[PDB]
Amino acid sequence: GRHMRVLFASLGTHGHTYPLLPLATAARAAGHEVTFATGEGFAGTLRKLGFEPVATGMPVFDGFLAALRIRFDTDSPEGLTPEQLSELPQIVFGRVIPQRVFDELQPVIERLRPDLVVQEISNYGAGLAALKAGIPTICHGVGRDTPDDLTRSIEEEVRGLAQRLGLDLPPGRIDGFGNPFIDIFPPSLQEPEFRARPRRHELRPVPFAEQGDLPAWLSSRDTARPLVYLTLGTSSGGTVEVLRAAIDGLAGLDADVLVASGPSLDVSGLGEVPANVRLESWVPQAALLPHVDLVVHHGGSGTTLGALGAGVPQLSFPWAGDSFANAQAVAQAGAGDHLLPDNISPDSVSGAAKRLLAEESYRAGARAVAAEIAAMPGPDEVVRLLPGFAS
């Protein structure tokens, strides 16, 4: 089991791709040849890590357009109730993307002959492609198990797809296609049923280490003041309305506020902001978090786990994806708090943030999880299992 060809495959967003990079880096360091399938935009990052990049997936727009046609036989959302529209994500993620990824990986697997596939949990198409070609596979988590309505709906679409592809799946949860599962969620905060799953292996949720520079103003800021970091992710985890509300609620505090708006959020008409607020487009989050006193965010898994890993209290605005499951876990740990979508006002943000900074129990809760995260097996230890997985 030396010099294996290992194919990693994730959905093409930062949140779905970054969590797999540490295991992939450890794999290469162990002497394996890493091919990494995800969005085309990650090619540069992947090459820098010494991986061979493969481009999979499609633009967000094309995904929802296909879902719209499939479900409602129309090209336009207009005239559709928000309830009807809420029927689309399960089709986008359980049917349309997996079909595309399954098809794209056919040629790749054929020519590469990988010894092992590492499939990111939400990238169902890659698991089907590996099943089809009979390649040993393991499933790599990105966050907490989420036994919620949306995931069950997505999984129903996946089973439907597998059946159409002539691939037999058991009834019931997809469960990583029954493969060994690499779980990066702090065990105490993981769903109890998932935590007891056979063939589950812990892996420390290492944040993505990028050699980028931190903003210069940080080096001369008055560190007697708290530093607050506000972000809404990279995948439409929030609206400009939410952002402005958060900025105005946080700007009041006696604190410095670093805002990272992300690539897919245009705030071009955001308005002027107080002097203690510094707007960045993108930052090396991993490198930043250890210097921060409060993380305010939409509740994405990467940022949730980064704040927990750094022992920093967090305030989230859970809205989409697994954000409610994260809020729940953070609440459980006493490591932060959240505001529901109806209760996001400068006043509500201000009060919550003041509380999270003043009450020492939140930092305590967060630091407890940081300790649990540090004791989890590191990529170099976990990577030693790959040969076994490929047998």
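We number the residues from 1 along the sequence you see.
In this entry, 341-349 shows the higher mean Cα temperature factor of the pair 32-40 and 341-349. Relative to one another, 221-229 and 125-133 have unequal mean CA B-factors, and 221-229 is the one with the higher figure. Looking only at 304, 81, 119, 146, the residue with the top Cα B factor in the deposited structure is 81. Set against one another, the Cα B-factors of 186, 262, 299, 192 in the record reach their highest point at 262. For residue 59, the recorded CA temperature factor ranks within the highest third of the chain's modelled residues. Among all modelled residues in its chain, residue 160 ranks in the lowest third by Cα B-factor.
When the modelled residues of the chain are ordered by their C-alpha B factor, residue 293 lands in the lowest third. For residue 94, the recorded CA B-factor ranks within the lowest third of the chain. Only modelled residues enter the ranking. Among the modelled residues of the chain, residue 213 sits in the highest third by CA temperature factor in this PDB entry.
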